[PDB]
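>>> Sequence plus experimental coordinates follow:
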Amino acid sequence: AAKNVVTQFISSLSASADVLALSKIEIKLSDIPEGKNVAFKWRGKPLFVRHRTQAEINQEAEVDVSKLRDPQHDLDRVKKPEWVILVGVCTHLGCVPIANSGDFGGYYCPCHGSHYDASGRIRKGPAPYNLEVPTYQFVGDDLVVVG
Amino acid sequence: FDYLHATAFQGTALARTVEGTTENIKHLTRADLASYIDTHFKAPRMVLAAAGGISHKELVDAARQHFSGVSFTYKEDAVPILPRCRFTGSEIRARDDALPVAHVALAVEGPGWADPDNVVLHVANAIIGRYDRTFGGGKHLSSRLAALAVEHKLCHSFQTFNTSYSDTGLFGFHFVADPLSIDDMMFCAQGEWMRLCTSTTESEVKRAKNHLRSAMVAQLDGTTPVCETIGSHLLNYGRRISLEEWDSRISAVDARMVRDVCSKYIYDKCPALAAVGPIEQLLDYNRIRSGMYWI
Amino acid sequence: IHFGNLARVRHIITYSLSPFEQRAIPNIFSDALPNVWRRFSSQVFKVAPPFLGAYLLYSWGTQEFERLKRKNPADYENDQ
Amino acid sequence: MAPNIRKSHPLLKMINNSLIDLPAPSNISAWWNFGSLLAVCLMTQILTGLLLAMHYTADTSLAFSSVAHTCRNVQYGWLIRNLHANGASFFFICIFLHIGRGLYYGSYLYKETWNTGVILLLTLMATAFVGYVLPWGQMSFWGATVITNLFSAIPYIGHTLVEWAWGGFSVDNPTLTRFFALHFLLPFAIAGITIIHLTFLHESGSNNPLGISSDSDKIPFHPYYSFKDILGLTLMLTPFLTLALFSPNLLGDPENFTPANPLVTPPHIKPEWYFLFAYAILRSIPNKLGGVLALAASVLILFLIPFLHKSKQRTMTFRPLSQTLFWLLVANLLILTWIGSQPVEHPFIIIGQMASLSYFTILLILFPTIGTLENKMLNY
Amino acid sequence: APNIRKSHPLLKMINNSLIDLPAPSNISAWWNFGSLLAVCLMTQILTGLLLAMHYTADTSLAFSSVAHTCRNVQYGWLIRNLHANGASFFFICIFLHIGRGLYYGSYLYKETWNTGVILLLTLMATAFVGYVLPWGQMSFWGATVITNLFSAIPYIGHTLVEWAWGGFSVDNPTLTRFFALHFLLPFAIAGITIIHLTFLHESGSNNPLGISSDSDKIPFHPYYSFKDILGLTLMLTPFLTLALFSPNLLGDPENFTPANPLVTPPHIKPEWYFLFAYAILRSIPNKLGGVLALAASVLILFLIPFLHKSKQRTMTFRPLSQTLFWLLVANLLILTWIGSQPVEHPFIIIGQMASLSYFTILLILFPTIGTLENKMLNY
Amino acid sequence: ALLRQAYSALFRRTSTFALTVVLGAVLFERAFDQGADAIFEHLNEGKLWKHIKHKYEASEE
Ligand code: HEM
Ligand code: HEM
Ligand code: HEM
Ligand code: HEM
Ligand SMILES: CO/N=C(/C(=O)OC)c1ccccc1COc1cc(C)c(I)cc1C
Ligand SMILES: CO/N=C(/C(=O)OC)c1ccccc1COc1cc(C)c(I)cc1C
Ligand code: FES
Ligand SMILES: [Zn+2]
Ligand SMILES: [Zn+2]
């Protein structure tokens, strides 16, 4: 009884039915066109998921930049090929980058200038770490779940 | 002690006073008095013991001369075996707040003369020893229960005892004390008892042994005290145990051995309690009972 | 200190036995129940009465309330 | 200083000399368990109380929805809620038995312990009263209004006391919020006093069913009463859970499942059973002011009880006459309760006034009188 | 009993603790912080409720309610100031109180001490939650930065955190539970404070000289009751003086901007009383380490008693220790300052050093200079 | 002689005692729930979604 009543009250403080609902958001990998980018909304902060043509695994995958200020290797925790998902939040002060233009063809946070390449990394700007990267899994091809 | 017995055994022969009832004394008869001697004082059930400047021979003879009356049947040759007595964890409390001090006796069922462990049990009792307000060592004494009894004025006196009977026995302690320290005292006592079954050291035993040795030797200081032993040894043990035997039986004991024997007869056992006097503070067997484990 | 100052008591003996030596709920029939009844018996004629005496008032009170809701055909014997 | 470690420790000496070595009569009955129960009860309400408060939003536009969310979204939220609302009842039951007991054994001769008791009750009563408004349901709302509106019967110094209490001109947000704060507070104040209560008690020890010196034979609280106490706990906790797990709303009126609406009034406005008896007395006197007084005194009267003891003996055990008068009284409360769950139409009303009329009459005239008369039959 | 304050199970507690209480005759002003600390609590709690009666714990009304409380409630603004500043007044008093006990080895009153420490811990936690309530930028972010440290604890980190938030980030579920917590804790403090005073009355007050006062003790009243009230006024003045003429002197402005999880304030820095700690946290680059440093930075206190080597108690007669003590105090000032500054040179190096010296003093110097001190007395 | 054997290896030392309750309780839970759940469900045969699930789980559209 004790153990139970206590578990009962303790799980009481953990997340509730509703907050666990907006917990995750899924994205269909079979409705996004090449190049063009579309942003959603996750755990409050926007989420970026772009479908790159082929000028991003050959143009922005060969980028030759010596002293990199953040351990971002494309074989650590990055599955999807023509696919790239990342937190829509500039790791600086929390601002939200863009997806239209840009210097390195990637993104652009008009808050302080920080230029984010088309790979989810800081280039010409202050911002310390690189755009936060979320967790996920693969069991459904035309489907991805973040949360 | 009497009250102790009377509840410790209750409904058994051992629960009787050696002085008998007040009624019995009033009405016993030339008859019954005869009968006792008659039925009880019989040769096989007797031992002629002697010690001093006497040769076994000479003695043995005189005996052959007066210890006549030869037995016909076979019944007169048969040593009557006694129906054993039931030990009962209980208590009897005789309250009289007009009594100056209070007495308390706590005990557990014993093993009986035969059983060897009686030796260990004694070695144990040697560790908790005894005390009265006139011991001089006072706060420096070695018996933890003693010392404390001084550090806090726990009692007046206390003693560990290992009464042994043919088929049974009473193991415990008895202390006298003021109406307001009974508790603390008891507490500490039951405590020490516990420590016995749990963390007795080789220092405690080595000391207890050297004490016991002196104590045994001591019982044989004179002629009277020797015949007593012999009168007993034979009658009870069968043979006669020499200081050489005893001693070795003692040198064999170690800490480990004690913790095991005390545990055996002490740990989690329902005890007998005799409270007499202004005992308003001893109270609750239940509590007293629980003091029989963990320490 | 609350155990000792209480009162002056003399010449009283009490004998009791360890729980382990005696029975848990002894003589349920020969002693228990008979007393459970005795007790019950003795009090009933004290307690019960007014409680019962209330059930009535509750009943009448309630019962009578309903009755005052139903219409009295006598109000309508000449409404032709 | 001392041998063991629970008499020489300025803390264990308080967890001991109050719950383990504590001198207890050897003959106290089940009517003495309510003490600890009442405590344990508190220990729980406060806990479930917080657990809820951690999900509640005190605001006339979210109170209802929050409570609802608490039930439908929070893990075991619903469970935690039930327990709290029902814990309320369980609380009162235990208090009423506790109180009755004291009356039937003249425990009230322990003046302080008694008066602290009464206060404790008062606080408990107020406490619930506010806690009821929180869910802001129809009944929540209206119960607030009906009651708080009584204060306006006081002359001059009241028509204001009310608008002050509301923080406005009617029961509204300003109120809700302050009530919530109050509901968070009072429980603690109860716990506090409860400490003082038990202290004045430990100044004399427990009274026993016979009403004669226990010194001749007292037992240690542990394990005797600690064990008894826990059994007592289970023997209650059972129905408490039983009702709260199989018939949740058996007790609670439904109109409180309808979000409060100041514009529409519920068919019948009636409190939770434990306030019924009082409600009935309030409504017996037609005159806001009088009824108010009757309500007040209906509970305040308790303070008088001590000064209204005439028997040469303490407990009613050996006083048959008093006993039935006592049970007549008890039943007299049952009735008042019932009368309170009914409207204001004949016969109810008349039955109402009578019951209340007899309630006071007993505690004021019979009890003390039958007491005296009792004494003379013993030839004292 | 003859009179009626020794035979009354209640007045016997309002007396034997505040009127007939045996007090040294030589205790100084560093002993007033005791009562002040108390009175302080008595007040915060009161102003605390008064506010709570107009507050609405909700990520969509918390800010606006606090604002309303200030703009609409009678003396609401007043009541608010007093509370927010009362917070400071509280800490100042606690810090003096604490230092005092260090400089006079009051910590040899083991229990009284440890209870003290706890009381502080509780107070600290208490404020921390109270800060989030107004749900302003700093409110929000302060929450996030700190609470986010817990995730450094391997395994149970992530778990413990999302539990603490009631979600995945500091949000309503949190606000509300914090409010509840802020309503509770003060009482818990009052509670322990009782126990604190109890273990104290088990030995009586320690005196500046550090030698048996039994030879000459005076009755708390009127000696210290009077002294105490004076002490109160000599403090209450600046407390009111700042809270009535410079309200926000202490408080950062970013908390006048309704919290927004999307944008982060330029600089996230706590109230002065947490600064010293903040500075130690950030000195260590490694969330986990910095967390530990923070913890121990305050937990260390518990060790103090077991770190006394002088044959004497108070530092009054130990010049060497004294300066080491003052070096320490100043060492805190610095840490404080370092905390109100960003993470750029020189600050960072100065930071790591200060912290490094903070522990080194309480861990090695103090106990060593103590021993060495003893031998100079030839003991 | 279980009572004996029990009092010896289990209920004797306040240590093995406790140790028993722990483990013992573990078993109790693990198997009390099963029984309870099972009993409960049985008394509600075919009313729970655990039952009527087969009608939409991989058998429609
Ligand atoms: C705030 C809740 C209260 C708590 C938690 C509480 C608790 C207790 C406790 C623990 C006891 C000792 C055991 C026993 O019940 O006999 C006690 C005794 C007592 N309480 Fe209360 N009590 C409460 C309310 C009250 C109330 C409202 C009254 C009545 C006005 C009261 C009157 C008494 C009396 C007279 C005793 C003496 C018991 C005896 O006769 O031995 N208490 N209470
Ligand atoms: C003195 C003990 C307590 C009593 C007697 C009590 C009683 C109640 C009552 C009468 C209700 C109405 C319940 C319903 O909707 O049916 C309630 C609700 C509530 N109580 Fe308490 N309460 C107690 C303690 C607490 C405490 C200590 C807190 C937290 C400090 C608390 C917080 C709440 C909350 C959040 C609600 C409103 C939501 C709900 O109804 O569930 N309660 N309480
Ligand atoms: C919760 C807030 C606290 C309150 C209200 C409080 C109150 C008091 C009071 C009234 C005194 C007696 C007079 C005096 O100040 O010397 C006292 C003494 C003491 N307190 Fe606190 N205290 C608190 C926190 C602490 C803290 C955090 C510490 C340090 C860990 C502490 C350590 C002590 C010590 C060592 C004494 C002994 C004073 C002496 O040397 O005579 N107290 N406290
Ligand atoms: C331990 C004593 C207390 C401390 C240390 C304390 C501290 C604080 C702090 C740090 C704040 C933020 C103030 C600001 O906005 O600058 C605050 C706010 C608040 N406190 Fe307390 N508080 C205490 C007691 C209480 C109590 C007892 C309550 C009521 C149970 C309470 C209710 C509130 C409310 C309503 C707020 C939020 C609105 C506001 O900031 O004015 N506080 N408190
Ligand atoms: C806010 O209203 N709460 C009510 C309640 O029953 O809460 C538990 C309630 C609901 C409907 C009608 C009247 C009330 C309050 O009535 C009360 C409240 C108190 C204190 C007492 I003394 C006496 C009465 C009659
Ligand atoms: C909710 O954030 N509250 C803050 C505050 O200063 O409240 C008074 C706050 C604001 C900005 C940054 C960090 C904090 C909390 O900082 C704390 C809080 C505590 C407890 C400790 I130990 C140590 C530190 C460094
Ligand atoms: S927040 Fe994006 S560059 Fe500063
Ligand atoms: Zn209804
Ligand atoms: Zn700023």
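In hand now; what should we look at? Numbering: from 1, shown residues only, chains lettered A, B, ... in the order given. Ligands and ions are numbered 1, 2, ... in the order given.

>>> wait, what's in contact with residue B:179?
B:97, B:101-102, B:277-281, C:4 (Cβ atoms under 8 Å, 6 or more residues apart in numbering or on different chains). C-beta coordinates here come from the backbone N, C-alpha and C atoms, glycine included.

>>> anything in stretch B:286-295 sitting right up against chain D?
Yes. Using Cβ under 8 Å from any Cβ of the partner chain, stretch B:286-295 comes into contact with chain D via B:286-287.

>>> Just the CA coordinates for that stretch, please, in PDB.
This file holds the C-alpha atoms of stretch B:286-295, laid out as PDB (Å, rounded to 0.1, in the frame of the first residue of the first chain):
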ATOM      1  CA  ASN B 286       5.900  -6.200  26.800                       C
ATOM      2  CA  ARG B 287       8.600  -3.700  27.000                       C
ATOM      3  CA  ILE B 288      10.700  -5.900  29.200                       C
ATOM      4  CA  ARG B 289      10.200  -8.600  26.600                       C
ATOM      5  CA  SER B 290      11.400  -6.500  23.600                       C
ATOM      6  CA  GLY B 291      14.500  -5.800  25.600                       C
ATOM      7  CA  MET B 292      15.400  -9.300  24.700                       C
ATOM      8  CA  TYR B 293      16.600  -8.500  21.200                       C
ATOM      9  CA  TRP B 294      18.700  -6.000  19.200                       C
ATOM     10  CA  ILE B 295      21.600  -4.100  20.800                       C
END
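
>>> Could you pull out the helices in chain C for me?
For chain C, the helices defined by DSSP state H occupy C:33-67.

>>> ditto for chain F
Using DSSP H, helices in chain F cover F:2-9, F:14-42.

>>> In a markdown table: the ones you listed, plus mean neighbour count and distance to chain D.
Putting the helices of chain F into a markdown table (neighbours: other Cβ atoms under 10 Å in any protein chain shown; distance: least, Cβ to the nearest Cβ, whole Å) gives the following:
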| stretch | mean neighbour count | distance to chain D |
| --- | --- | --- |
| helix F:2-9 | 10 | 20 |
| helix F:14-42 | 11 | 13 |
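
>>> Please tabulate these in TSV, including the columns distance to residue A:21.
Converted to TSV, the helices of chain F look like this (distance: least, Cβ to Cβ, whole Å):
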stretch	distance to residue A:21
helix F:2-9	51
helix F:14-42	27
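
>>> so which of the ones you listed gets nearest residue D:76?
helix F:14-42 (16.1 Å; Cβ to Cβ).

>>> can you tell if that closest one touches chain A?
Yes. Counting by Cβ under 8 Å from any Cβ, chain A has neighbours in helix F:14-42: F:25, F:29.

>>> check whether that helix contacts chain C.
No. On the criterion Cβ under 8 Å from any Cβ, helix F:14-42 is out of touch with chain C, staying 15.9 Å away.

>>> what sits against the residue of chain A found nearest ligand 4?
Across chain A, no residue is closer to ligand 4 than residue A:13, which sits at 19.6 Å (Cβ to the nearest ligand atom). Contacts for residue A:13 (Cβ under 8 Å, 6+ apart) come out as D:51, D:54, E:163-164, E:166, E:177.

>>> For the residue in the stretch 51-200 of chain D positioned nearest to ligand 7, which three-state class applies?
Proximity of the stretch 51-200 of chain D to ligand 7 (Cβ to the nearest ligand atom) peaks at residue D:57, 32.7 Å away. Following DSSP: H, G, I helix; E, B strand; the rest coil, we place residue D:57 in the coil state.

>>> Quickly note the distance from residue F:1 to residue F:7.
To residue F:7, residue F:1 is 10 Å away according to Cβ to Cβ, to the nearest Å.

>>> mind checking how far the most centrally placed residue in chain C is from ligand 3?
Nearest to the mean C-alpha position of chain C, counting by Cα atoms, centre = their mean, stands residue C:47 at 5.8 Å. Distance of residue C:47 to ligand 3, computed by Cβ to the nearest ligand atom, to the nearest Å: 54 Å.

>>> That residue and residue D:327 touch, don't they?
Yes. Using Cβ atoms under 8 Å, residue C:47 is in contact with residue D:327, at 5.1 Å.

>>> Around ligand 2, which positions in chain F sit nearby?
Counting by Cβ under 6 Å from any ligand atom, chain F comes close to ligand 2 at no residue.

>>> list the contacts for residue D:98?
By Cβ under 8 Å, 6+ apart, the contact set of residue D:98 is D:34-35, D:37-38, D:117.

>>> same deal with residue D:175?
Contacts of residue D:175 by Cβ under 8 Å, 6+ apart are D:133, D:144, D:165-168.

>>> Going by distance to chain C, which of those wins?
Minimum distance to chain C across the contacts of residue D:175 is 29.1 Å, recorded for residue D:144 (Cβ to the nearest Cβ).

>>> any residues touching the helix or strand containing that closest one, and which ones?
Assigned by DSSP states H and E, residue D:144 belongs to helix D:138-148. With contacts defined as Cβ under 8 Å, 6+ apart, helix D:138-148 is touched by D:129, D:132-134, D:162, D:165-166, D:170-171, D:175, D:179, D:253, D:255-256, D:258-262, D:265-266, D:269, D:271.

>>> ok, 6 Å please
With contact meaning Cβ atoms under 6 Å, 6 or more residues apart in numbering or on different chains, helix D:138-148 is reached by D:132-133, D:171, D:253, D:255-256, D:258, D:260, D:266, D:269, D:271.

>>> Now do stretch D:346-362: everything it contacts.
C:61, C:64, D:280-281, D:284, D:329, D:332, D:335-336, D:339, D:342.

>>> Please tell me how far the residue nearest the centre of chain B sits from residue B:243.
By Cα atoms, centre = their mean, chain B has its centre lying nearest to residue B:163, at 1.7 Å. Separation of residue B:163 from residue B:243 (Cβ to Cβ): 22 Å.

>>> swap in residue D:144?
From residue D:144 across to residue B:243, the span is 94 Å (Cβ to Cβ).

>>> more crowded one of the two?
Higher neighbour count among residue D:144 and residue B:243: residue D:144, with 23 against 12, using other Cβ atoms under 10 Å in any protein chain shown.

>>> How about the contacts made by whichever residue of the stretch 1-150 of chain B sits closest to ligand 3?
Closest residue of the stretch 1-150 of chain B to ligand 3, Cβ to the nearest ligand atom: residue B:148 (32.6 Å). With contacts defined as Cβ under 6 Å, 6+ apart, the neighbours of residue B:148 are residue B:188.

>>> Quickly find the element holding it.
Using DSSP H and E, residue B:148 falls in helix B:144-151.

>>> Quick one: distance of that helix to the chain centre.
Centroid separation between helix B:144-151 and its chain, computed with Cα atoms, centre = their mean, to the nearest Å, is 22 Å.

>>> strand partners of the next helix or strand after it, parallel vs antiparallel please.
With elements assigned by DSSP H and E, the helix or strand that comes after helix B:144-151 is strand B:157-164. Applying DSSP bridges to the sheet, strand B:157-164 is found paired with strand B:130-132 (antiparallel), strand B:169-177 (antiparallel).
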